[PDB]
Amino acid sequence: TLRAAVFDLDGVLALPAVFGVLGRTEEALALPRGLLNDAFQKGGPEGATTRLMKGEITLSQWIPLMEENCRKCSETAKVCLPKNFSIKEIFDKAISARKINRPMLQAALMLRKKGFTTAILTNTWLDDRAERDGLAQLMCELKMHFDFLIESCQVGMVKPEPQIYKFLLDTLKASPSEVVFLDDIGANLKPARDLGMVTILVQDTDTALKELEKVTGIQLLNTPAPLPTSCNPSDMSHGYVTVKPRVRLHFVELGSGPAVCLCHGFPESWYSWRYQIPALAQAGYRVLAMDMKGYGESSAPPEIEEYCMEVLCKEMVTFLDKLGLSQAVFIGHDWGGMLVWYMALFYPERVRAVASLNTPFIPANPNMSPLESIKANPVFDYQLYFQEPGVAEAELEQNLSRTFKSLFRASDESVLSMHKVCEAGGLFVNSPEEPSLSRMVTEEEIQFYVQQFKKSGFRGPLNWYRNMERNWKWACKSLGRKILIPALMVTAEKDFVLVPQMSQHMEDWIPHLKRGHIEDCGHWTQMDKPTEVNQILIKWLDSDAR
């Protein structure tokens, strides 16, 4: 029975094969068939290419050796290479054209999800070309999804030598009959077949995957669209910044490029962005996913005033100062969405771009108490229930597992009646003691929120709602302003509190506003519809935030 899957890189996990380019160059340049391929494999196990794949020499040392082999092969065949023939140019283009074979990666991810140990086994080189970052990015993206990456130039062994196969088996801690091996080179399949491994000659991906599902008994072809890559908390870079003597802010950090600061809502975590963090980093951004003040590993002071918008925004400005960031793009959800619109109004020089999920920008009414306003809309009653210190903490902290299982549900799965929460006496009065697991979350994801909220509970988080009067007074100073920096508003069709129609007048205050809209999406936008959130944010970041 199989428990390990091994994939080659070129022609298997990455397409088109760099190898296929030598054949193409010959044809484009009307050179004799297999001339470039013959010069490439010249000297066999003693040749430049073998020394290169074993890590004896680097790619830049190999370029002149290949050019010389092309000369010898050319001389013998009584032909001539054109004046502008560049091995460097041919390979730069080939390596640059090679992209991940997404369906092969998805099959590898599915096998790993079902308990398989996965590995990449490749004949590769030490790339010291000025344009080496392109391939370094490709390897970074690919490798994260596998248990092992075995590279010939690092191990000093090459396919088809039998030793690399014995090395692979030892790395996998598996007998050859427990391993399926996919390669596009028949010669490289042989030794694995010889040991007793299941082998798949990969020509077209589709047939290889039919062969792969036939031998594993796991469906890999025609499967539903997969969820974006998520985060394992223990595999992230964790950052800590002291913004004032008693306040430290925690964040998770992934990627290089423009800083994208993610601001969660109530009662959440940096982990609410788990499906966006790998996607935004892969799209070319430096992601900073915050634990907002009162949450997770960030400080949670008890005082109500510590959570007014003015204080929260000032601390986020200090957070940037301490990291040496002149700006960040600010992306918020729910309470984080409210914070990001205020960051844009009061600190435009520090905000590269602003985006909000569900939370619209509504300017303070100077003629109405913020309290009067909340009372008018029956959907906002839960916020009045939150006013009295201790009441909501008691109910929310009673059983953490039940709290997050009852809250984190899709639009249909809703177990809570938010109509007269106060009169009913609580949020969970008609909710089961043991709520069923929503299709949006696993038991493990719930347990992460449970463990996070064990540190400070719900006081600091609830205090975000206990500054209605302070926030309103501060917001009134901005009544003559407009948001004129790049801005994105993302509405969710099925958010029954933060309804799409609440955002309808935003163009009066943000004239250049861009929009996104998500069908069949509830309040928990990021985990409800991860794929669409990522697609909307990536598209807007690439056009408006660089």
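Don't overthink the numbering: it's just position in the shown sequence, from 1. Here, rigid core means the biggest group of C-alpha atoms that superpose within 1.5 Å across both forms.
**Student:** Is the larger C-alpha RMS shift in 9 other deposited structures of this protein, relative to this form with the rigid core superposed, found in 305-313 or in 407-415?
**Tutor:** With the rigid core fitted, 407-415 is the stretch that strays more in 9 other deposited structures of this protein.
**Student:** Core-superposed in 9 other deposited structures of this protein, which stretch deviates more in Cα positions, 330-338 or 422-430?
**Tutor:** Looking at 422-430 and 330-338 in 9 other deposited structures of this protein, the bigger mover is 422-430.
**Student:** Where do the C-alpha atoms have the higher mean temperature factor in this entry, in 364-372 or in 335-343?
**Tutor:** The stretch with the larger average C-alpha B-factor is 364-372.
**Student:** Mind pulling up the entry and telling me whether 290-298 or 203-211 has the higher mean Cα temperature factor?
**Tutor:** Per the PDB record, 203-211.
**Student:** Among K72, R350, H145, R459, where is the Cα temperature factor highest, going by the PDB entry?
**Tutor:** Most elevated C-alpha B-factor of the set, per the entry: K72.
**Student:** Taking the Cα B-factors listed in the entry, which of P486, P511, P500, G34 comes out highest?
**Tutor:** Each of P486, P511, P500, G34 was compared by C-alpha B-factor; the highest is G34.
**Student:** Going by the CA temperature factor in the PDB record, which third of the chain does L427 belong to: lowest, middle or highest?
**Tutor:** Answer is highest: the recorded C-alpha B-factor places it there.
**Student:** Ranked by Cα temperature factor within the chain, is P389 in the lowest third, the middle third or the highest third?
**Tutor:** Ranked within chain, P389 CA B lands in the middle tercile.
**Student:** Would the CA B-factor of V490 place it in the lowest, middle or highest third of its chain?
**Tutor:** As the PDB entry reports it, the C-alpha B-factor of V490 lands in the lowest third of its chain.
**Student:** Would you mind checking where the Cα B-factor of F251 ranks among the modelled residues of its chain, as the lowest, middle or highest third?
**Tutor:** It falls in the bottom third of the chain.
**Student:** Among the modelled residues of its chain, does the C-alpha B-factor of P378 lie in the lowest, middle or highest third?
**Tutor:** It belongs to the highest third of the chain when residues are ordered by C-alpha B-factor.
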